[PDB]
Amino acid sequence: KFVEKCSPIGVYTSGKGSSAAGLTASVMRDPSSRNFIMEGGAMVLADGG
DNA sequence: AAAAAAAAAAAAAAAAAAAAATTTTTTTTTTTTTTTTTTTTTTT
């Protein structure tokens with residue numbers, strides 16, 4: 001808990017993802033607009049962290 | 001000297017020209033939602 005607070009950028013999660021947030025990133029096509037939406041997990045949401 | 005022809009000016013009428021002018025509805029598109037199939041994942 002403290003180390004997450006004290007890093008410049010840091011994210012403290014569980015192995016089992018998080019509440020409405022994964023752990024690894026995922027990317028998925030959107031059939032309507034065809035854009036590959038990129039759900040950001042802890043690993044990428046704290047890149048450089 | 002009187003008559004008359006011509007001139008300019010003024011007016012009426014018919015043909016052409018001038019001018020004025022937003023609102024309502026429909027359809028594509030995007031975006032989600034729902035059903036049902038397919039796929040994948042957990043159990044004995």
# chains A, B, ... in the order shown; residues from 1 in each chain; ligands from 1

$ residues_around --residues "range 4-14 of chain A" --least-positions-apart "4" --cutoff "8 Å" --atoms "only C-alpha atoms (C1' of nucleotides)" --output "PyMOL selection string"
chain A and resi 18+23+42+45-46+48-49

$ write_last_selection --atoms "N, CA and C atoms" --output "CSV table (one decimal), in the first residue's frame"
chain,number,residue,atom,x,y,z
A,18,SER,N,-8.6,-6.5,-11.0
A,18,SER,CA,-9.1,-5.5,-10.1
A,18,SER,C,-10.6,-5.2,-10.4
A,23,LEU,N,-5.6,-6.9,-15.3
A,23,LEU,CA,-4.2,-6.9,-14.9
A,23,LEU,C,-3.2,-6.6,-16.0
A,42,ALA,N,-3.2,-3.0,-15.3
A,42,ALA,CA,-2.3,-2.4,-14.3
A,42,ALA,C,-0.9,-2.3,-14.9
A,45,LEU,N,-1.1,0.6,-17.5
A,45,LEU,CA,-1.5,1.8,-16.9
A,45,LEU,C,-0.5,2.3,-15.9
A,46,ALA,N,0.5,1.5,-15.5
A,46,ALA,CA,1.6,2.0,-14.7
A,46,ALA,C,2.9,1.7,-15.5
A,48,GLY,N,6.4,2.6,-16.9
A,48,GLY,CA,7.4,3.5,-16.3
A,48,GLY,C,7.3,3.6,-14.8
A,49,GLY,N,6.6,2.6,-14.2
A,49,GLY,CA,6.2,2.8,-12.8
A,49,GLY,C,6.4,1.5,-11.9

$ closest_atom_pairs --of "chain B" --to "chain A" --cutoff "12 Å" --atoms "only C-alpha atoms (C1' of nucleotides)" --output "Markdown table"
| residue | atom | partner | partner_atom | distance |
| --- | --- | --- | --- | --- |
| B:29 | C1' | A:32 | CA | 11.0 |
| B:30 | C1' | A:32 | CA | 8.1 |
| B:31 | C1' | A:32 | CA | 8.1 |
| B:32 | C1' | A:32 | CA | 10.4 |

$ select_by_dssp --residues "chain A" --states "strand (DSSP E or B)" --output "list in words"
residues 18, 21, 26, 27, 28, 29, 36, 37, 38 and 39 of chain A

$ atom_distance --atom1 "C1' of residue 34 in chain B" --atom2 "CA of residue 20 in chain A"
22.9 Å

$ atom_distance --atom1 "CA of residue 43 in chain A" --atom2 "CA of residue 30 in chain A"
22.6 Å

$ select_by_dssp --residues "chain A" --states "helix (DSSP H, G or I)" --output "VMD selection string"
chain A and resid 2 to 6 42 to 45

$ write_last_selection --atoms "N, CA and C atoms" --output "PDB file, in the first residue's frame"
ATOM      1  N   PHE A   2       1.823   1.321   0.924  1.00  0.00           N
ATOM      2  CA  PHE A   2       2.659   2.510   0.984  1.00  0.00           C
ATOM      3  C   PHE A   2       3.491   2.669  -0.275  1.00  0.00           C
ATOM      4  N   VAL A   3       4.058   1.579  -0.791  1.00  0.00           N
ATOM      5  CA  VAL A   3       4.950   1.710  -1.937  1.00  0.00           C
ATOM      6  C   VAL A   3       4.180   2.221  -3.137  1.00  0.00           C
ATOM      7  N   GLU A   4       2.924   1.793  -3.285  1.00  0.00           N
ATOM      8  CA  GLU A   4       2.104   2.374  -4.341  1.00  0.00           C
ATOM      9  C   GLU A   4       1.898   3.856  -4.110  1.00  0.00           C
ATOM     10  N   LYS A   5       1.629   4.248  -2.867  1.00  0.00           N
ATOM     11  CA  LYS A   5       1.443   5.670  -2.593  1.00  0.00           C
ATOM     12  C   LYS A   5       2.709   6.460  -2.915  1.00  0.00           C
ATOM     13  N   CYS A   6       3.873   5.880  -2.637  1.00  0.00           N
ATOM     14  CA  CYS A   6       5.137   6.598  -2.636  1.00  0.00           C
ATOM     15  C   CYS A   6       5.878   6.547  -3.960  1.00  0.00           C
ATOM     16  N   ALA A  42      -3.179  -3.042 -15.271  1.00  0.00           N
ATOM     17  CA  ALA A  42      -2.258  -2.434 -14.325  1.00  0.00           C
ATOM     18  C   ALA A  42      -0.882  -2.281 -14.938  1.00  0.00           C
ATOM     19  N   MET A  43      -0.433  -3.304 -15.664  1.00  0.00           N
ATOM     20  CA  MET A  43       0.926  -3.336 -16.190  1.00  0.00           C
ATOM     21  C   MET A  43       1.208  -2.163 -17.115  1.00  0.00           C
ATOM     22  N   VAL A  44       0.233  -1.781 -17.931  1.00  0.00           N
ATOM     23  CA  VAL A  44       0.420  -0.727 -18.920  1.00  0.00           C
ATOM     24  C   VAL A  44      -0.060   0.603 -18.360  1.00  0.00           C
ATOM     25  N   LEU A  45      -1.082   0.577 -17.506  1.00  0.00           N
ATOM     26  CA  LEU A  45      -1.529   1.801 -16.852  1.00  0.00           C
ATOM     27  C   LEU A  45      -0.496   2.348 -15.871  1.00  0.00           C
TER      28      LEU A  45
END

$ residues_around --residues "residue 28 in chain A" --least-positions-apart "5" --cutoff "8 Å" --atoms "only C-alpha atoms (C1' of nucleotides)" --output "list in words"
residues 36, 37, 38 and 39 of chain A

$ write_last_selection --atoms "N, CA and C atoms" --output "compact mmCIF listing (two decimals), in the first residue's frame"
# COMPACT_ATOMS: atom_id res chain seq x y z
N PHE A 36 -9.65 -0.50 -32.69
CA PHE A 36 -9.17 -1.51 -31.75
C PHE A 36 -9.05 -0.81 -30.40
N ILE A 37 -10.14 -0.84 -29.63
CA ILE A 37 -10.14 -0.25 -28.30
C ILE A 37 -9.11 -1.01 -27.47
N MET A 38 -8.41 -0.30 -26.59
CA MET A 38 -7.32 -0.87 -25.80
C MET A 38 -7.61 -0.72 -24.32
N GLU A 39 -8.22 -1.75 -23.74
CA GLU A 39 -8.34 -1.83 -22.30
C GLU A 39 -6.95 -1.89 -21.68

$ atom_distance --atom1 "CA of residue 15 in chain A" --atom2 "CA of residue 27 in chain A"
19.6 Å
